[PDB]
Structure formats: structure tokens, C-alpha cells
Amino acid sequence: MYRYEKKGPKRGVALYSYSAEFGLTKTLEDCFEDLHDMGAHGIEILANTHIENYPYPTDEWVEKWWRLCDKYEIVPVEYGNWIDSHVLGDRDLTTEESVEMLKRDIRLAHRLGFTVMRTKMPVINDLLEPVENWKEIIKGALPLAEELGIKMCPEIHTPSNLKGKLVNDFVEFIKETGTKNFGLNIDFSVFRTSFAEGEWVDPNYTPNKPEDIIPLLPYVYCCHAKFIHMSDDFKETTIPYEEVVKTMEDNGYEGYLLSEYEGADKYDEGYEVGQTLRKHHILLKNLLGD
């Protein structure tokens, strides 16, 4: 089992980037070797995309998975799941049904060696807040999660601000429970300052400053390194990357920053997202040292 023991922030990729390609031109192994070319070690997979025969893989497939991790020096970092209470059109799922589904994903994530879960929940308003019983769902799975060393993290992303209701309700919950197995995944779109002339921007979105993240880093277990555009000098032209990465270096972050690219040109013909990601990782390696 390969282990990556750089101190401080580490770089990785989220296979959501290979989204136009997966199952068409790249296989799961192609994605692993693509991360290898980059020197990237951390990975994020999506439960409903990258586990063959989900939700019940075979012992053969799981062992193939671990062989891939060893062969390409990949650390399972973050495992993206959904607790979809609204999966049924006619009714919500009871708290117990939601916990049974969550617990199941926690087991699979642990078996594949993951250590953070990026949990997405149905949303009930325009602040993107979770179903009202979310406290009850998470509290149902927290003992299993603590046993198996997993940390469940909802994702914070635009238009949500690092100091709006959504973040503080999660931080409040962590403090009241005292759990070290619930937390936050910050997606770098919350620091985005540059946009295109004529590009619509949610009137509710305000950029956060890189320092805005400092009081939350106690609760941040993994970050999506969102990025919009890489110059041919391998700089990111919409987010203060140097200042964000340095803030996190200086303030004790030891998690991963996983490349997430969501541009629509992903799906244009001829687009080579592997090249785009290599751009993003030239920047990331230069900022981190490895």
C-alpha cells in the first residue's frame, strides 16, 4: 500500500474532471495513469460513477482497485456520495432509510481506503441548505464514521459565502456534538474574483478573501481546487491561488487540494482535459514543492 507523507497541503485530482471522457475514451486505469503522469497522488472518485457494479462491487473488482492504487501511487483521499432523500418522487426517505444508505456508503468508502466523504444532500431552499433532518441523518452515521476513521464533509461552493448561514450552521453542529468526523470541504470557487465581461454572476455571491478561511481550517478536511482558466504560463487567471495556497500552508492545513474542472468545453469535441489538468498541476506543484 503506497503512502504519501509530504507535510502540509498535497495535490490531487477529482475524477469528476474526466467527466466527458470516463467510459468513452478513458478507462479507470487511464485516469490513474493520467494522475501518475502529473505526479499527483490524491484522488477523489464518485460512488455512483467509478465503482463497478455499484453499490455492490465484487471481491475481484475491489482487489483490482487496490492494485491500481499501488501500481500508480494513488492515495484514496475523498469519496463523493449522495444521501438522496428525494430519490423517490412520491415521498421523502425516512431518517432510518437515509442512515442505512449513508452507512452503506461509509463502509464502501472505508473498504476502498478512502478517508474523507464529500456528502451531497438534497436542498430545500435557494441558500442550498440541506433537508431539515440532516442533523439526525449525520448523527445516525457518526458512530460508524468515527469507528472507521472517516470524516463526512458537505461541500461549500458559490454562491455560499464562508460566513453565511450554511457554513455557520455546520460549524455550530460540530461544536455542539464535539465530533471530529464531520467537517467542511471548501471549493475554491468561493475566492473567485475575475469573470468575463457579460458573464452572469449571482447577485448573492461575494468573493471571500483568502484569510476568510483561517477560522474554519480546524474543520476543513479536504478542498476542491476548482479552477476556471490556466494561462500558457501556468497561472490561474480567476482565483488568487498563490494567496489561498500560502494561507493554508501558513495556517496548518495537511489535507489535499483536488483539481476539479467543470468548464463546459469539457464536452466540446477535441477538448483534451488531461492537458488542462497538467497546466493546473504545474501551478500546484510550483506552489507546494511536490
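Heads up: residue numbers just count along the shown sequence, starting at 1.
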ask   = Going by the B-factors listed in the PDB entry, is the mean over the C-alpha atoms higher for 47 to 55 or for 224 to 232?
value = 224 to 232
ask   = Where do the C-alpha atoms have the higher mean temperature factor in this entry, in 91 to 99 or in 168 to 176?
value = 168 to 176
inquiry  = Between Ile83, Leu108, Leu128, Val116, which one tops the list for Cα B-factor in this entry?
reply    = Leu128
ask   = C-alpha B factor of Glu29, ranked within the chain: lowest, middle or highest third?
value = lowest
task = Could you tell me which third, lowest, middle or highest, the C-alpha B-factor of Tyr261 occupies within its chain?
result = middle
inquiry  = Splitting the chain's C-alpha B-factors into thirds, which one does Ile239 fall into?
reply    = middle
ask   = Relative to the other modelled residues in the chain, which third contains the C-alpha temperature factor of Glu197: lowest, middle or highest?
value = highest
key: CA B-factor placement of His157, once the chain's modelled residues are sorted into thirds   = middle
